[PDB]
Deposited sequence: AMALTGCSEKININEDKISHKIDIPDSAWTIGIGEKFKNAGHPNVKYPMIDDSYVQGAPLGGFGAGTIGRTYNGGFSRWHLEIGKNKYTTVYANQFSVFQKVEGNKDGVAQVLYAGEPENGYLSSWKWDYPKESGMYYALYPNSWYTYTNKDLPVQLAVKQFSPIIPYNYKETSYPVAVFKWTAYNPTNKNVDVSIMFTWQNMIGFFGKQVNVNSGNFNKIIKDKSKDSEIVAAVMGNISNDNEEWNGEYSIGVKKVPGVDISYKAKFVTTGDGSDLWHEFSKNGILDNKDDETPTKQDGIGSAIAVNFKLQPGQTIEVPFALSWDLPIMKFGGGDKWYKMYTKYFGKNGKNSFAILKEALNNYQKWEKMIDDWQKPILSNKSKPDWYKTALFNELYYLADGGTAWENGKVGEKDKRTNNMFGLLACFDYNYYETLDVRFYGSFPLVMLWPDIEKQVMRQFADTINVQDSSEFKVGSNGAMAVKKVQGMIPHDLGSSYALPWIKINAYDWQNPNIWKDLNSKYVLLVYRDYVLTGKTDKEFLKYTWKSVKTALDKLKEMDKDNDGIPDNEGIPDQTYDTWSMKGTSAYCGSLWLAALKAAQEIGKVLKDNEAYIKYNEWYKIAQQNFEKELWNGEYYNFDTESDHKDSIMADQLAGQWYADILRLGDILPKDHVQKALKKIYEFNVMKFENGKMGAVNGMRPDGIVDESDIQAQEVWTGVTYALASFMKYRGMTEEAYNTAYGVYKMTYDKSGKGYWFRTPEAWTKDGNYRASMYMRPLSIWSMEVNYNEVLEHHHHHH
């Protein structure tokens, strides 16, 4: 490997061999079908709300999130980079597709597939990823850096449906070598959203943009229809000319054929026919190819940028609503703008690289932090793009001031902005994209007094319940299968209108968003204040026994939605205490004296009774009335965790908090698989995992990262990082279960999982507060 010295990969990048088989991989541990796309994954490309494309460590474009809210795992084999090399003096050169695999059927059989093992590496530190190619049959070594401009405090470039592929080629040998790099792409119009005639009318054109000291050559792959539908738009691939490279292209090759129309040209001398052809297709799939060719002398290095863009302006959800995607603000809505997007990337990628380096640098340069922690911190952010992210710029047919936003909990539980989960998972938004965060919270504020008296069947017990109760915060803002932002509470496994955590978590999120953006945004507190008061007042009515604390009802009436709580729970009780203290403080900021006094009174009574009911001398009991009420819960002091972040001080005695955290580390971490897999949710005081429910026997990745954050604030530094390390290890390490770029909600002691691609582990960013 002589190419790594010519590029700048951070030591904390996650790494794997191209074509590496992984032997330890986990699978779903549930009864019903659950997504398992395998361990062949990579860091995604594409902006927030743009739709994303997962290019895996084997080189294939395989995890398709272009249909917003859906996960489709299938390798589009025509989408590749390929290389040609010929040493001066030899009769023939060699050509190779840079993909460690081959097609299942006979399409593209002429191409040279099966990139060999032990001949290259993949690296990822989101939003960047890299491939190096160090192959004994390729004398010139190559590397690519690929990325999308995902940039904190930037709501523009961060939305773009674009990827840059910055190639570096170096000749370590003593002979001249002719080199070509080719990007191929299928015209994917009709890949989704078209019920019949899926290729019909697709056509490709070549754009040559020649301006002094600029040449870009690009293929635009679109459809003859000017219809404005979810399926219609354009894809573009292209390259910017640099000194010493020549550009060639082929506008149209057949993807549903043997591929020799293209490959016979590329494999001969690395130079394509430059054949334009705008003839639309009928049944056949078609694609385009953009190539560069250059000669590298001994010791010479050259850099060349390619790019990919996709202009699919309309997202459609299953309930029938069509919305424009955020990036349309910047490029237009007509779906004929893929070249403009591509051109912007090709002309500005160096600036974008520097902007990404500027934001990563504070963390990467901190030599007190171990590299594994940096690997997790950056790569967990993949989910902000890959979580079915929806970000609207108007309803089709509709002009408002704000752009509504939603992140899925996951794809198996297809619910936007699940608030009980976002309590953990929204840290990167408040810390890095706070205008999005506040918009999402205003969305929730607006739902507080919505009433929908129509009834739904509760999944857990078959009983009927009201969809949405006035003054109760919703579980979610809908489903991609129905009507995001419009029809809330798509979730039906339990009735969220009786949950005891949602209203408190809402208030805690509001105050968090004020505190972590500098305690300056009084207008945000003013906007949300009525909803905060309503939320707490409604929750107070669920106190059955007049101890000043809402009573859990012997059912799963909170985020642990199969784990029953009864009476006063440590979890919901501590959240309530903290929410009361937050509301007191907002009351002071907004000069609402009567609110301050009321929530102060409620807080004092609740705090006294919480401590009396639950403090056992070593930790806080799980709750007051359940069968295993003395279980040690990993999340028992979630309210105190948030109180630390919100700078609300002690809600419980410092000494008791420290004892409880040490107990959790000693039991839930260290007695669960020797502390190498995170914190199990429930442990009995005899040191055996609590078996009352599956959720008690699970490690929750986002809960564990949050607990690590809590330990860190409380000065338990070793315990914090050891606790978090288990999650990193399981996710990323060779000794783990292969969950990179699909971190699940949960695993059991065998390492098998529930709900890959989950929002909650974004909570790792609470470790950076």
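In this chain, the deposited residues that lack C-alpha positions fall in the ranges 1-15, 414-415, 787-799.
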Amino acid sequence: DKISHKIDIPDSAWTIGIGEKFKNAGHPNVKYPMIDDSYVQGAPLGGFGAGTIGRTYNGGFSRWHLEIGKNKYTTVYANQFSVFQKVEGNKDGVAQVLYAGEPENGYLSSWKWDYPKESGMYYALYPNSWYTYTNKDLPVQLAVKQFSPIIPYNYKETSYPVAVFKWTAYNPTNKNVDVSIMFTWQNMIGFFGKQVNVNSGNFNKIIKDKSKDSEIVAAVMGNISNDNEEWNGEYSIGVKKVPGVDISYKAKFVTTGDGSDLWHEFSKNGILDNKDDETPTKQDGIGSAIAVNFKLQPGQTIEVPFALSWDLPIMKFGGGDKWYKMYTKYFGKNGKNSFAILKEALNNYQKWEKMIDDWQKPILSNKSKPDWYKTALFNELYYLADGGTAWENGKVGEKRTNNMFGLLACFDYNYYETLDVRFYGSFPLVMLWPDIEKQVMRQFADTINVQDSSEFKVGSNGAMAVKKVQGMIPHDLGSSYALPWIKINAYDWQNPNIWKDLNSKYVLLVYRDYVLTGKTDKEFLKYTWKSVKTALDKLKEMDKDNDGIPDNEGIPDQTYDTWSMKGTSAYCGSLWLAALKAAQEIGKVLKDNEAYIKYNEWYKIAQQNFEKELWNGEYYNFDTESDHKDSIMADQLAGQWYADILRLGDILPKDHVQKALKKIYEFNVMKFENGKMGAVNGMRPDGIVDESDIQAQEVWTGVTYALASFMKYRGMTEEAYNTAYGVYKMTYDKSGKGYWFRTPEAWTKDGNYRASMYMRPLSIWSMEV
From here on, numbers count along this sequence of modelled residues.
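542-550 and 312-320 differ in mean CA B-factor, and the higher of the two is recorded for 542-550. As the entry records it, the average C-alpha temperature factor is higher for 1-9, out of 1-9 and 760-768.
You'll see in the entry that, of 461, 132, 232, 695, the Cα B factor peaks at 461.
For the set 240, 438, 604, 166, the PDB entry puts the maximum C-alpha B factor at 604.
Looking at the C-alpha B-factors along this chain, the one for residue 734 belongs to the highest third.
In the PDB entry, a CA B factor belonging to the lowest third of its chain's modelled residues is recorded for residue 219.
In the deposited entry, the Cα temperature factor of residue 359 places it in the middle third of its chain's modelled residues.
Sorting the modelled residues of the chain by their CA temperature factor places residue 24 in the highest third. Compared with the other modelled residues of the chain, the Cα B-factor recorded for residue 74 ranks in the middle third.
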